[PDB]
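Novice: Before I ask anything, let me first share the structure, which is written out below as structure tokens.
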């Protein structure tokens, strides 16, 4: 009877109250098809009073339908817009933001335009009547910007774009310049550079966009050819990535007029605000910085007060892949050219910028000490060890006693060393054993928490300030107690925290996966060893995003990565069918592998070449127990003798 009670609605004199019990008890009930009929019926029996019943069973079923036909219910809410309540808006605005990932895009044209109504209507003079209802206004603009681009219809773009235009962006230019930066920051999504271009080129600086063989381009090589080179720009720009050109090529065409006309006082206050918007990039897209083109373009402002601690071009600049000399450029001259006003910090990020590509440590070193420290005895004892290169001897004895003796001397330099050397020595405290592991190292790093062994402050240490840096150091010390017998430490603490931390901590820190592939050789399981290893190669793929002063960057990043990862894929690939096959029938086949492993040469560098010499010896022992013996002994005697001489 109701599916007929809809046809009389195709005309428009039904009473949505004469059958409101009906518009409800059928919603439970094919199930859904029946209900949707009754939804569209309610819309012309709508513009009424009371939402007590409807609101209870609406937001329940809106999300329930991945079905798109019974999703035009979204357009239907639009008549529920005028009849509105502040907090009742909050609970219901929750489905509309969700409607961004479903396939039909029919309701998006309403998902967003209802927010348009709820944006232009809620523009109050910031009366701030409700602290909760103001969460709407911001929560609304988040959909407005997450949806500006990325949808096949370019019209969703123009219609929104033209709406960040009509009464929003000011008809002024420089003012349309202040405002745009307020809009960019919230973006935690790539692109939008194209939006800078389209925004500022169409406008030009006037309501309009342009105000003015051998017979064609010779009479007018001026007025005609300017309006046309103009658009052929911005279009060729959303297609690729390198349009960074214009923005600096706009920031002067920004900076310049702000100089000969308007007072200095305000422009200073305005640009100090810019800092704040840029600091705000380093928190929202903080470590969401693969494009690099977002990062460099901004630090390339090249203005007087561009200095920021820039600790987020430290860590998230590591994702940026960009040796930036910006933090050094101001300290040279612009910032303070006129030990107190010397940058209480901005001198140290130049370290961790010539430190993240460990080459660098030598142009780091000379600038490290005698540069800024003033310990004299600590310098000439640590410096004169980098020259000896025998620091594994000369430095550690000329270093540990500064902390163990509690500054027995006057140590009038041990007091400024406190706010410093406590961190230089922290650099040295692992530097001392370049390698060799030892239980001395595993207690070196771990000694930064409680005196008794503290596993909580370890997992904690990833959370707060610092400490996270020496994270991988403690885990190389696995190697030495990976030689020993007691497989208790680390694994008992860390393979469990990876399960608890998988949702946020483990997989975000499981970038460093070579290690990963190594503990799996304790418990006889290859599959995940391979998985996490293959993610390993294909990440290192990306760190190969650097060819300028390559030879430092590369020699490091290549010469070891592709050297461990092979001597494992080899070991894995070989051991299964090959290992099983070889062990079972031919001893000689096993030898065959050895004369591929003797003429494997080493780069001048130490470390990993030295480092993989553990790999081959666990590859040995892990198969000496899964499986003649004299031959194996000879190989051990041999392989053992090479990596000693």
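Along the chain as shown, residues are numbered 1 onward.
Positions of Cβ are set from backbone N, Cα and C atoms, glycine also.
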Novice: For the candidates 167, 173, 271, 374, I need the one that Swiss-Prot annotates as phosphothreonine.
Specialist: 173
Novice: Which residue among 11, 104, 227, 265 does Swiss-Prot mark as phosphoserine?
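Specialist: The candidate carrying the phosphoserine note in Swiss-Prot is 227.
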Novice: Using a Cβ cut-off of under 8 Å, list the residues of the same chain at least 6 residues beyond the repeat 'TPR 3' (379-412) that approach it.
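Specialist: 362, 365, 369-370, 373, 421, 424-425, 428, 431-434, 436.
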Novice: According to DSSP, collapsed to three classes, what secondary structure does residue 227 (phosphoserine) have?
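Specialist: Looking at the DSSP assignment, residue 227 (phosphoserine) belongs to a helix.
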Novice: Using DSSP and three states only, what is residue 173 (phosphothreonine)?
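Specialist: It is coil.
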Novice: Check each residue in the chain of residue 173 (phosphothreonine) that is at least six apart in sequence and keep those whose C-beta is under 8 Å from its C-beta; list them in sequence order.
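Specialist: For residue 173 (phosphothreonine), the qualifying residues are 203, 205.
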Novice: Sequence gap of 6 or more, Cβ distance under 8 Å: name the residues on the same chain that satisfy this around residue 227 (phosphoserine), in order along the sequence.
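Specialist: When sequence neighbours closer than 6 are ignored, residue 227 (phosphoserine) has 209, 210 within Cβ distance under 8 Å.
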Novice: Could you break down the residues of the repeat 'TPR 3' (379-412) into DSSP helix, strand and coil, giving a count for each?
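Specialist: Across the repeat 'TPR 3' (379-412), the residues distribute as 21 helix, 0 strand, 13 coil.
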Novice: Could you find out if DSSP has residue 642 (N6-acetyllysine) as helix, strand or coil?
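Specialist: The residue in question, residue 642 (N6-acetyllysine), is helix (DSSP, three-state).
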